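Asker: I need the structure of the sequence given here:
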Amino acid sequence: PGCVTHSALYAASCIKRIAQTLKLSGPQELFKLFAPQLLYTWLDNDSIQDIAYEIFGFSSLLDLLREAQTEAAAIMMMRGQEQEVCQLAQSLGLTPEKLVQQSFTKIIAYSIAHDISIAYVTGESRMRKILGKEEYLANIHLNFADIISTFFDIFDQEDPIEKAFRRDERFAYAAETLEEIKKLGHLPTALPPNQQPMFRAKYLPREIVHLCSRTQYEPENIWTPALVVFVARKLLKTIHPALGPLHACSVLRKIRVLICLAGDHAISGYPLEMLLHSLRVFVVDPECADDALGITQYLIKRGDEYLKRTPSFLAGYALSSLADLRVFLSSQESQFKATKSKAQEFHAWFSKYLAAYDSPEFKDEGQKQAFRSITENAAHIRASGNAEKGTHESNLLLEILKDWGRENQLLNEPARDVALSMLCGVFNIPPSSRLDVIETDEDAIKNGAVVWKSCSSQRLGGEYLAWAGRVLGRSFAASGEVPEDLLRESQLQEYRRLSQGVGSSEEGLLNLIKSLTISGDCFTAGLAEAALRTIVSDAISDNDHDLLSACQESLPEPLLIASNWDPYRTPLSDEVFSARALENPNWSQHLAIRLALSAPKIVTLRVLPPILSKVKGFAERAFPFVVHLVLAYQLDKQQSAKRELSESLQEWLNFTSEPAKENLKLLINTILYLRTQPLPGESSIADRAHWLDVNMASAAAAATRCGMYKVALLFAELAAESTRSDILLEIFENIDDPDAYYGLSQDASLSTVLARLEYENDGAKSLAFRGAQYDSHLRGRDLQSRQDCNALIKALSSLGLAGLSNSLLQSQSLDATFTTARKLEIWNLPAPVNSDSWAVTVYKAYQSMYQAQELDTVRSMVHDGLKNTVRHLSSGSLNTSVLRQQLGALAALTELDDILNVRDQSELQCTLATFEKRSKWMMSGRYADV
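Answerer: Numbers count the residues shown, from 1 in each chain. Have a look at this structure:
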């Protein structure tokens with residue numbers, strides 16, 4: 001387009017289709033991520049009023065103007081087109097000085113990068129003319145860090161760059177270090193010229209010096225860790241998966257320059273660890289690997305004085321990186337081969353290094369051996385994970401699962417989610433149980449709780465679920481006790497773990513955010529680090545002793561020094577309250593934002609709305625801390641959030657629904673959490689009922705709906721205190737205590753005594769009362785006799801009289817049908833598929849054992865049963881009878897699998913001895929489970 005009237009029509013359809021193929025929501029996107037090069041060539045010689053706005057899918061010239069004004073004004077003021085800027089402004093509708101102060105970052109960055117590549121009138125003199133020699137200095141004082149970011153964005157690398165640094169001028173350590181890095185590894189290739197403006201590369205040492213001289217900083221030393229992390233994250237952010245794989249290689253050149261120019265601040269402290277973690281994803285990339293491997297080897301070899309003070313990060317990163325290099329090795333061609341060789345050399349170097357590693361701050365001597373085992377195994381593993389004894393994958397898996405449960409643990413969560421995703425993607429389950437690594441009951445009771453925490457992700461295959469199931473089942477029987485993860489109702493333990501040390505919501509939010517700087521995707525970590533930098537900066541500024549104390553104890557020391565922007569001031573680059581809103585899956589996120597916006601003076605709530613809206617599942621984890629922070633803030637002021645929340649609770653708690661159950665759990669956990677936070681100016685814990693105004697009878701009913709019986713009982717006791725029995729019956733039938741049910745008073749009759757006898761699981765005593773009812777309802781042609789028959793079958797199944805219950809079933813439950821079938825050995829029932837009953841699962845395994853001629857159809861049916869039962873346990877809402885029954889099923893399938901796999905007489909006798917050993921626990925265990 002640059003006839004023009006008509007040719008620029010076919011270009012409206014192409015750029016329309018280029019979007020419809022690269023999955024970018026419209027062509028205006030393609031104008032946004034290609035703004036500089038488009039404007040730089042057009043505005044170079046023409047106005048901005050004649051721009052072909054109709055392309056890219058705009059509607060009027062002013063919309064493109066409003067979208068691209070910053071880059072537009074930047075280019076114009078680089079080109080001395082003042083009256084152009086004037087017309088641009090007076091076309092937007094505002095004044096030139098405002099439009100020059102809003103877009104001041106790019107403008108100074110460009111007008112400095114350019115006019116030292118030319119060297120008459122400048123582009124800064126116009127800044128001192130439109131703004132005055134004082135507002136200009138104040139602005140250049142506000143936007144320093146942003147200006148350094150923009151200096152690192154618009155600059156080239158297709159050139160000898162180590163000449164300017166090593167040139168006999170200010171700083172040559174930059175070139176020395178750059179040359180060393182490019183010796184430890186280098187892509188000898190070249191790339192296309194970068195998107196303009198792209199000034200030359202022998203100007204960074206001069207642009208920075210000029211700028212510092214204009215604002216009295218130490219141009220010889222400006223790099224604090226805040227600035228290093230800021231700029232490196234800006235760079236890593238600027239990439240885009242659409243712009244092709246040479247873009248990443250280019251940005252890696254720029255990052256190596258930032259490193260070798262940043263001196264020592266970027267090979268120790270938080271920049272070191274963060275940069276390594278970021279260069280993890282780049283390493284496992286076929287197109288851009290050699291540069292990442294060189295930079296990584298440099299950072300590890302040089303920053304080794306620090307990696308000896310930090311064995312936790314080193315262990316986590318070592319495991320993650322050796323796992324990532326293992327899959328890469330397993331998975332034109334000549335170019336690929338060279339990359340594989342270099343990568344294998346790097347892997348060997350890493351193995352030698354880790355084998356020669358000693359840290360003074362290795363706390364216990366056992367941890368040291370755990371580190372040594374993790375490394376010496378991960379260095380030799382294969383691309384898949386198995387469970388057979390003696391092999392490397394199994395030793396590593398067992399070491400991860402063993403470290404998982406401890407007080408001083410090595411790896412962090414994202415460092416387990418990368419090793420447990422390689423060793424469990426294609427898992428290999430041993431045939432027998434004598435080759436397994438968790439083979440004995442003695443070890444399965446110990447390692448039986450972490451295996452359940454392991455199988456709660458979705459990157460785990462089938463064979464791994466079947467193995468985890470075998471072990472859980474084996475442990476249940478020998479231990480006698482269900483895993484402690486399953487039988488937890490409230491989330492208060494997790495909330496208390498977050499705020500470790502003091503019970504404040506600021507420590508909770510700080511730990512939650514600090515948990516994102518390690519578990520992000522180069523965009524989440526960016527928001528987390530920006531939030532931390534603003535929070536710590538404002539704490540060091542306003543000297544909040546409270547907030548400072550919260551920061552010292554939540555953030556480690558490296559992430560604390562780095563977060564404070566002491567040298568450079570922070571640059572400018574960083575209805576729900578009504579019913580029926582409880583049912584959309586974003587209630588918590590909208591309500592949390594709505595609450596956090598109402599308290600701007602709290603810095604910890606001011607930086608949340610971005611993270612609450614972008615990150616997924618963050619609002620549910622941070623909801624109690626946000627509610628408490630707001631309520632505690634406006635305690636003496638006008639209490640608005642209290643009034644709104646306590647008026648809506650009257651409608652939210654009386655909400656029976658399936659889609660609203662998961663937000664109702666979060667409301668109950670927020671009420672429980674507020675009960676543990678001391679209100680200021682209280683005499684007793686009885687005043688913690690004034691955070692909100694909850695009707696405790698409604699909360700007790702709601703907690704009963706969600707399956708929260710101990711929480712429901714606590715709320716029912718608080719309600720009774722407020723007074724001084726239809727919900728107490730539902731609580732007491734289901735709560736897990738043998739004797740509590742009998743404390744409840746209800747009106748007497750033969751029916752109620754029958755109800756108590758059927759709760760009690762009595763034998764002949766309930767058979768008498770049920771027989772009487774059943775006869776009296778068959779005689780009177782009553783319709784309840786059906787239910788009576790059901791009750792009778794249940795009773796007769798709890799006695800052991802299988803023949804009588806069989807005859808009662810054939811006169812027309814699921815558990816009763818298949819329990820009776822299994823006891824009488826009737827192996828021809830058609831068993832339903834995908835059923836949540838344990839009797840069906842156990843029945844199918846024994847049936848298949850009847851109708852089969854080879855052991856490896858029976859083993860497949862057993863393993864399918866373990867896998868299904870394990871999935872069922874993970875499904876969530878189960879009482880403590882169904883839960884215990886399901887775990888018992890697992891124990892029966894495990895014993896079945898144990899006797900199927902005996903080979904000689906000695907194994908038979910060892911099985912028998914195991915039965916005798918198990919008996920010792922059974923003598924005192926619960927009766928249903930025995």
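Asker: Tell me where the stretch 351-500 of the chain has strands.
Answerer: Taking DSSP state E, counting those that start in this stretch as the criterion, the stretch 351-500 of the chain carries its strands at 385-386, 427-428.
Asker: Buried deepest among those, which one?
Answerer: Comparing the strands of the stretch 351-500 of the chain by mean neighbour count (mean count of other C-beta atoms under 10 Å), strand 385-386 ranks first with a mean of 23. For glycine as for every other residue, the C-beta is placed from the backbone atoms N, C-alpha and C.
Asker: Give the other helices and strands that that one contacts.
Answerer: helix 392-404, strand 427-428 (3 or more C-beta pairs under 8 Å, 6 or more residues apart in numbering; DSSP states H and E).
Asker: re earlier: kindly reformat the strands of the stretch 351-500 of the chain as CSV containing distance to residue 392.
Answerer: Formatted as CSV, the strands of the stretch 351-500 of the chain follow (distance: least, C-beta to C-beta, whole Å):
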stretch, distance to residue 392
strand 385-386, 9
strand 427-428, 13
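Asker: And for residue 750, the neighbour number?
Answerer: 10 (other C-beta atoms under 10 Å).
Asker: wait, it sits on residue 769?
Answerer: Yes - using C-beta atoms under 8 Å, residue 750 makes contact with residue 769 at a distance of 6.5 Å.
Asker: now the farthest one out in the chain, which residue is it?
Answerer: Within the chain, the residue lying farthest from the chain centre (C-alpha atoms, centre = their mean) is residue 779, at 62.7 Å.
Asker: Enumerate the helices of the stretch 301-450 of the chain by residue range, in sequence order.
Answerer: Assigned by DSSP state H, counting those that start in this stretch, the stretch 301-450 of the chain shows helices spanning 311-330, 333-355, 365-378, 392-404, 413-419, 441-446, 450-454.
Asker: Among those, single out whichever gets nearest to residue 565.
Answerer: helix 311-330 (23.5 Å; C-beta to C-beta).
Asker: Name the residues of that closest one that are buried.
Answerer: 311-326, 328 (16 or more other C-beta atoms under 10 Å).
Asker: How about stretch 779-788?
Answerer: 785, 788.
Asker: do stretch 835-848 as well
Answerer: 836-848.
Asker: same thing with stretch 491-500?
Answerer: 491, 492, 495, 498, 499.
Asker: cool, stretch 529-539 as well?
Answerer: With burial defined by 16+ other C-beta under 10 Å, the residues of stretch 529-539 counted as buried are 529, 530, 531, 532, 533, 534, 535, 536, 537, 538, 539.
Asker: Cross the buried residues of stretch 491-500 against helices and list the overlap.
Answerer: Those of the buried residues of stretch 491-500 mapping onto helices are 492, 495, 498, per DSSP state H.
Asker: could you dump the residues you listed to a markdown table with distance to residue 885?
Answerer: As requested, those are arranged in a markdown table below (distance: C-beta to C-beta, whole Å):
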| residue | distance to residue 885 |
| --- | --- |
| 492 | 27 |
| 495 | 31 |
| 498 | 34 |
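Asker: what's the neighbour count on residue 501?
Answerer: Residue 501: 11 neighbours (other C-beta under 10 Å).
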